[PDB]
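We begin with a single chain expressed as structure tokens, specifically the form deposited in one PDB entry.
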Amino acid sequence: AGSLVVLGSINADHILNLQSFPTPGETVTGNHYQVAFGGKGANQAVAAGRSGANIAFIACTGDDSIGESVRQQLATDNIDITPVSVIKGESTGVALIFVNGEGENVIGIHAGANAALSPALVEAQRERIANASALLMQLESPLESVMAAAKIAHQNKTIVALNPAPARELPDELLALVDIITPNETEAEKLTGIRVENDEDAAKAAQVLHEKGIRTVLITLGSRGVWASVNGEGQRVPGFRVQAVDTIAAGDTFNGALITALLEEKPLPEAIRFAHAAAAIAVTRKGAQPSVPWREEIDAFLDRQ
């Protein structure tokens, strides 16, 4: 299979499960607290690595203890971490997460070292990106850097996969360089101005993105699967049914597993199926990276289906 390069963030997640989100000036006591590795970039790199991809990770951690700790872990996740830089005088990103009884969450992020992943660090990886089969990025890294990497990938026929999260508007200049975009419903609406409530809303949101120059649009619909569309022709690919416990990193797992499948030359529908399986398993576990399944587990899940 071809080589994958993931460029993104690394976070130390602090997760507190509680009943309800604490309104202003208020205080709430949780029932479970967990400190686990997170960050969309790292989560997606782990999903790729564990699912069987040949992946290298471009990222930055701080020169702190947690940073050394996450780098050691990532290496055991089948990830080439040579491209992971240690930023002197900077702390490793941190995420403060609240989960209510309804499973919905609120995320506050301290970028830390992640804000140091600059266009300069990207240029230093020019050759790595040019020779890769695909480049997977999210929006927890500086936009200028994501833009720079996208241009290198474009100039070199390297597939550009962009998970537009966290939600935000993006310049047409970037969108034009994307081959595969994976917004969830809130992200699709934020990018196209179209709210996605049903499959019909999805198709209209996808059309906007196709017109922006993105050939493959995959709008994740949570438990409803995903609306897969290739230049206007699309359909919803249902996911698998499971009892959710924690959906943090569900989307990240979907992306990492998806690209692994595509790089193994599995047709899109099959690849999405592979991705849904990995994601389904992920939602039945707690924490971001701890809940990311391995290839053996994914295929097993698929075979028991």
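What we label the rigid core is the largest C-alpha set whose atoms superpose within 1.5 Å from one form to the other. Start at 1 and count along the sequence shown; that's the residue number.
Would 33-41 or 265-273 have the larger average of its C-alpha temperature factors, as given in the entry?
265-273 has the higher mean C-alpha B-factor.
Averaging C-alpha B-factors over each stretch, which comes out higher, 285-293 or 7-15?
Higher of the two, by average CA B-factor, is 285-293.
Could you say which of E127, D179, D80, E189 has its CA atom at the highest B factor, as listed in the PDB entry?
Of the candidates given, the C-alpha B-factor peaks at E189.
So among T61, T27, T253, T260, who wins on Cα B-factor in the entry?
It is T27.
Mind checking which third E173 falls in for C-alpha B-factor across the chain?
Ranked within chain, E173 CA B lands in the middle tercile.
In terms of the chain's CA B-factor thirds, is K212 lowest, middle or highest?
According to the entry, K212 has a C-alpha B-factor in the chain's middle third.
Based on the deposited C-alpha B factors for this chain, I'd like to know if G232 is in the lowest, middle or highest third.
Top third by C-alpha B-factor.
Please say which third, lowest, middle or highest, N100 falls into when its CA temperature factor is compared across its chain.
Within its chain, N100 is a highest-third residue by C-alpha B-factor, going by the deposited values.
Comparing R224 with the other modelled residues of its chain, is its CA B-factor in the lowest, middle or highest third?
Tercile = highest for this residue's CA B-factor.
Keep in mind the form deposited in another entry is missing from the figure; the text below concerns it.
Choose, among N100, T216, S91, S118, the residue with a C-alpha displacement of 2 Å or more between the shown form and the other one when the rigid core is used for superposition.
Shifted by 2 Å or more: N100 only.
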